[PDB]
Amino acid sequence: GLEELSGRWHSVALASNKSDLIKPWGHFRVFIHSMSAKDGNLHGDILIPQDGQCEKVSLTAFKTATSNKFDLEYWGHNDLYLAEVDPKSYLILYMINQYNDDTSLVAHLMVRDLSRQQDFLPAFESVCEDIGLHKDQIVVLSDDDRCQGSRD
């Protein structure tokens, strides 16, 4: 179950229909570090880049009545969906974000093994297509080494 998502993950790519959300300074330009399951809720420590420094924040995505849908408060309300996952290799999620009368779609790919990140970018591109994003709305994070001290 959810507990198999526990442990170390590495962010590979983001996508959004609102480019500002995933720009280098954007609300959802954050790096996953680790996840854990507690009470069937999904807990996650993320790393937030901030002017050469980096903040570690613990978030909880709360289970809902819908399988694989979670409530996450982060820059507004998010309906967080676990779209595709192999707990031992990769995880694709997307969120419907409600913030200040704006509604946006944000997707996120993470992997267990960064040397394999190329293996799963196509699966991410396909999920993005299915939720209506195009390939030019994807940002690959391989040039963004901020928070490198915390991302080991």
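We number the residues from 1 along the sequence you see.
Comparing average C-alpha B factors as deposited, tell me which of 40-48 and 22-30 sits higher.
Higher mean C-alpha B-factor in the PDB entry: 40-48.
May I ask you to compare 9-17 and 134-142 by their mean CA B factor in the entry and name the higher one?
Per the PDB record, 134-142.
Highest Cα B-factor in the deposition, which of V106, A65, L114, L91?
Max CA B-factor in the entry, restricted to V106, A65, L114, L91: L114.
Can you tell me whether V85 has a C-alpha B-factor in the lowest, middle or highest third compared with the other modelled residues of the same chain?
Within its chain, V85 is a middle-third residue by C-alpha B-factor, going by the deposited values.
Going by what the PDB entry lists, where does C54 fall on CA B-factor within its chain: lowest, middle or highest third?
Highest third, going by the recorded CA B-factors of the chain.
Lowest, middle or highest third: which one holds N97 when the chain's residues are ordered by CA B-factor from the entry?
Lowest third, going by the recorded CA B-factors of the chain.
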